[PDB]
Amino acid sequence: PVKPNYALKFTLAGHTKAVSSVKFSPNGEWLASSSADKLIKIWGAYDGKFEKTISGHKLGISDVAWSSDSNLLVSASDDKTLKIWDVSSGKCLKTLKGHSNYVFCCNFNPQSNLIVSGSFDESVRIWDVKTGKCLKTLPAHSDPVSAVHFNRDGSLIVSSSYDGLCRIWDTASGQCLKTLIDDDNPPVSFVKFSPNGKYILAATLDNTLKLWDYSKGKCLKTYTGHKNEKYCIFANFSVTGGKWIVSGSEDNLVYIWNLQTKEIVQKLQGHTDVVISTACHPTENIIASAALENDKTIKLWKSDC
């Protein structure tokens, strides 16, 4: 497969301000969206049908993340809390307090007994899901933390920051195992482990995606041609069909690259503002994209490969 054929299938409208994040449930059934409107919305992954609104944050939400069982969500808010939600009931199970500035990014570990959060307070916190207690506060960065992600066995956390660094943390000890940077120092706006945990994909605010073999400390691939100088745009590995890199862009497009050759293979037109977030469905060739204040929508795109 040299090129996918993503076509727009559904538009998920209803948020009243900028959409900040979209995530598929690990079981493929649902999509969760967060917005500056203080709301989480749940949608059918396959039909785009609205399921429910989850309210309770006092200010805008920057991020949401699912547990591995597709039952819990965690949200990160400008109100300086995370909330853990039971998605099937809508209930707030716990509020995680401790950050001193906006909570910007969050994730469960694969086991989903821990949550990791990054904040404009420049820290990374590790939380016990069962008790809601903060287990560790890491002095991770020297500017806002743009992303946090566990690797596939939960033993490592990767963080990114406007300070210019990607850092790898021992989950158990909280010790910094590695700092990655390539001699340039633009803000790092995004980071995530590959599905196997061997690679890290990072975005920098000089219009670059960077793929690290982090154990060798080597940047092996870059993906360029998109616009990203201002906003924290979420990128992905697409591995259900052809092997692609997917990202949003400040020219309102979704960009798709060949994982190996780093060539652009598709640009998806339809958003009327910056595409801040993309997600790739766990089993089907389906991309979710979400855009900022002048758009307010999520889109579902489907490909034969």
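Residue numbers run from 1 along the displayed sequence.
> Do the C-alpha atoms of 180-188 or of 128-136 have the higher average B factor in the entry?
On average, C-alpha B-factors are higher across 128-136.
> On average, are the C-alpha B-factors higher in 217-225 or in 102-110?
On average, C-alpha B-factors are higher across 217-225.
> By the entry's C-alpha temperature factors, tell me which of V116, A172, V74, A147 sits highest.
Answer for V116, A172, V74, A147: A172, with the highest C-alpha B-factor.
> Sorting the chain's CA B-factors, does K296 end up in the lowest, middle or highest third?
Middle third - that is where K296 ends up once the chain's C-alpha B-factors are sorted.
> Is the Cα B-factor recorded for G60 in the lowest, middle or highest third of its chain?
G60: CA B-factor falls in the middle third of its chain.
> Hey, what third does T81 fall into on Cα B-factor, ranked over its chain?
Lowest third of the chain for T81's C-alpha B-factor.
> Relative to the other modelled residues in the chain, which third contains the C-alpha temperature factor of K94: lowest, middle or highest?
It falls in the top third of the chain.
> Quick check for you: using the entry's CA B-factors within this chain, is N196 in the lowest, middle or highest third?
As the PDB entry reports it, the C-alpha B-factor of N196 lands in the highest third of its chain.
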